[PDB]
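As structure tokens, the structure follows; a few thoughts come after it.
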Amino acid sequence: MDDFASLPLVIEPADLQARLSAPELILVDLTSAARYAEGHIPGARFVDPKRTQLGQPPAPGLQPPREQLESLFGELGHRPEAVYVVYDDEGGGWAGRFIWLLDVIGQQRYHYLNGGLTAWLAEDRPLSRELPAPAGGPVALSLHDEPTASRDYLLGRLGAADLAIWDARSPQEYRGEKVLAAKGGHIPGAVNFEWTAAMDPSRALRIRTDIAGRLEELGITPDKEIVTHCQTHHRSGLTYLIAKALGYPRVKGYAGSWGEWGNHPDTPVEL
């Protein structure tokens, strides 16, 4: 993985700053048009969060169609030597979702900027308002279903001993007090660890260092397949990325998410 090969998945602002000029770097920014324009990490290429999502009913959290994907990745300069570093400015939900897309397109080498722009800014690190030149036309892509749990797959696995479902929504959604679909509640057997509970606002929204014990407390252990979700697989972008970063060998994003589950005639719900 070139100048980035020696680092773990989650890296710190110092490791990135040292490597901003690496020719194999594809630095991806998933903040917002305004934030990117105000000042981004130098060489960063902007990917509007909406572009990571199908954004059509009945399950808008699914991955975008192949065409949008080919062009997006063609724009970014996707190529064999590439090593992606990903950040956002919300603690990692969009960054983590982009990383799940990287798994969806077979990319092996990437890293998450711990705390993203929030950390970068807290340390007064350099900002640029300049636009990199887009790479080229759309690249032809190979798409994988392994990183993703379909609705039927999850229905089939419910109640199993070797599965944990990590619902990343707020506890009020999980308990069906706050209802954003025809059905409120959670997926039977799921446990709850809100995406924001994994961040440490005292360290510029980095992943809390005691994260493994907290996940272990809930039975979210690496000897099990982890299937994570929220409402649209945004918030669960961060929890997918965390399971990966901790080295869980079996991790999937349920991309349909509650947007699908809470609206589908076939799905059991539990309160």
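Ordering of the structure tokens sets the chain letters (A, B, ...); residue numbers start at 1 within each chain; ligands are numbered from 1 in the order shown.
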query = Residues at most 6 Å from residue A:24, counting only C-alpha atoms, excluding those fewer than 4 positions away in the same chain, as a list in words?
reply =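 That gives residues 81, 82 and 83 of chain A.
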Give me the residues near stretch 140-154 of chain A as a tab-separated table (two decimals) with N, CA, C and O atoms, in the first residue's frame, where near means some atom within 8 Å (using only C-alpha atoms) and where sequence neighbours in that chain fewer than 4 positions away do not count.
```
chain	number	residue	atom	x	y	z
A	66	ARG	N	-24.54	1.29	-10.80
A	66	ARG	CA	-23.24	1.11	-11.41
A	66	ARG	C	-22.76	2.36	-12.18
A	66	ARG	O	-21.62	2.78	-12.06
A	70	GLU	N	-19.40	4.32	-11.60
A	70	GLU	CA	-18.27	4.30	-12.51
A	70	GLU	C	-17.70	5.68	-12.77
A	70	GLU	O	-16.49	5.84	-12.95
A	100	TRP	N	-17.35	1.69	3.07
A	100	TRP	CA	-18.14	0.53	2.70
A	100	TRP	C	-18.29	0.44	1.17
A	100	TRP	O	-18.37	-0.66	0.61
A	103	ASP	N	-15.20	-1.09	-0.13
A	103	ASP	CA	-15.33	-2.54	-0.12
A	103	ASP	C	-16.24	-3.03	-1.24
A	103	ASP	O	-16.08	-4.12	-1.75
A	104	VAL	N	-17.26	-2.24	-1.58
A	104	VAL	CA	-18.20	-2.65	-2.63
A	104	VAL	C	-17.54	-2.68	-3.99
A	104	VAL	O	-17.81	-3.59	-4.79
A	105	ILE	N	-16.55	-1.82	-4.21
A	105	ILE	CA	-15.82	-1.86	-5.48
A	105	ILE	C	-14.49	-2.58	-5.50
A	105	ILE	O	-13.76	-2.47	-6.46
A	106	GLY	N	-14.16	-3.26	-4.41
A	106	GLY	CA	-13.02	-4.16	-4.39
A	106	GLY	C	-11.73	-3.47	-4.02
A	106	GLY	O	-10.67	-4.02	-4.24
A	158	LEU	N	-31.98	-14.15	11.36
A	158	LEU	CA	-32.49	-13.63	12.62
A	158	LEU	C	-32.46	-14.72	13.68
A	158	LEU	O	-32.73	-15.85	13.39
A	227	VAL	N	-23.83	-7.34	11.58
A	227	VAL	CA	-24.59	-6.66	10.53
A	227	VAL	C	-25.05	-5.36	11.11
A	227	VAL	O	-25.70	-5.38	12.13
A	251	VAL	N	-18.13	-8.56	8.56
A	251	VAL	CA	-18.88	-7.31	8.79
A	251	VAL	C	-19.68	-6.98	7.55
A	251	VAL	O	-19.13	-7.09	6.42
A	252	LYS	N	-20.95	-6.60	7.74
A	252	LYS	CA	-21.81	-6.20	6.62
A	252	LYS	C	-22.62	-4.96	6.99
A	252	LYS	O	-23.07	-4.83	8.14
A	253	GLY	N	-22.88	-4.11	5.99
A	253	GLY	CA	-23.82	-3.01	6.19
A	253	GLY	C	-25.15	-3.47	5.66
A	253	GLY	O	-25.23	-3.95	4.52
A	254	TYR	N	-26.20	-3.36	6.48
A	254	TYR	CA	-27.56	-3.63	5.97
A	254	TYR	C	-28.06	-2.31	5.33
A	254	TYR	O	-28.54	-1.41	6.02
A	255	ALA	N	-27.79	-2.15	4.03
A	255	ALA	CA	-27.94	-0.83	3.39
A	255	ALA	C	-29.38	-0.38	3.30
A	255	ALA	O	-29.63	0.79	3.39
A	256	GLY	N	-30.31	-1.33	3.17
A	256	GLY	CA	-31.73	-1.02	3.15
A	256	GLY	C	-32.04	-0.29	4.45
A	256	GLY	O	-32.68	0.77	4.47
A	261	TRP	N	-36.61	-1.74	6.45
A	261	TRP	CA	-37.15	-2.72	7.39
A	261	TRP	C	-38.46	-2.29	8.04
A	261	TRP	O	-39.40	-3.08	8.10
```
Closest pair table for stretch 27-128 of chain A residues within 12 Å of stretch 185-198 of chain A, only C-alpha atoms, as CSV:
```
residue,atom,partner,partner_atom,distance
A:90,CA,A:196,CA,9.4
A:91,CA,A:196,CA,7.7
A:92,CA,A:195,CA,9.0
A:93,CA,A:195,CA,7.8
A:94,CA,A:195,CA,11.5
A:96,CA,A:195,CA,10.9
A:114,CA,A:198,CA,11.9
A:115,CA,A:198,CA,11.2
```
ask   = Which is closest to residue A:157 among A:85, A:14, A:226, A:237, if we use only C-alpha atoms?
value =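 Closest to residue A:157, using only C-alpha atoms: A:226.
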task = Please provide as a PyMOL selection string all residues within 8 Å of residue A:76, with the sequence filter that same-chain residues fewer than 4 positions apart are discarded (counting only C-alpha atoms).
result = chain A and resi 26+45+72+134-136
task = Would you please extract all alpha helix (DSSP H) residues from stretch 110-143 of chain A, as assigned by DSSP on the backbone, and give them as an MDAnalysis selection string?
result = chainID A and resid 116:122
message = Using only C-alpha atoms for the distances, tell me which of A:184, A:57, A:156, A:222 is nearest to residue A:249.
response =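 Closest to residue A:249, using only C-alpha atoms: A:222.
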query = Which residue, A:161, A:139, A:95, A:205, has the smallest gap to residue A:79 when you use only C-alpha atoms?
reply =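 Going through A:161, A:139, A:95, A:205 one by one, the smallest distance to residue A:79 is for A:139.
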task = Find the residue from A:121, A:221, A:180, A:130 that sits nearest to residue A:257; use only C-alpha atoms when measuring.
result =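 Closest residue, counting only C-alpha atoms: A:180.
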ask   = Quick one: of A:163, A:25, A:117, A:59, who's nearest to residue A:87, counting only C-alpha atoms?
value = A:117
task = Do a neighbour search on residue A:29 at 7 Å with only C-alpha atoms, toss out local chain neighbours closer than 3 positions, and write the hits as a count of residues only.
result = 7
query = For residue A:53, which residue among A:40, A:214, A:233, A:175 is the nearest when counting only C-alpha atoms?
reply =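 For residue A:53, the nearest of the candidates is A:233.
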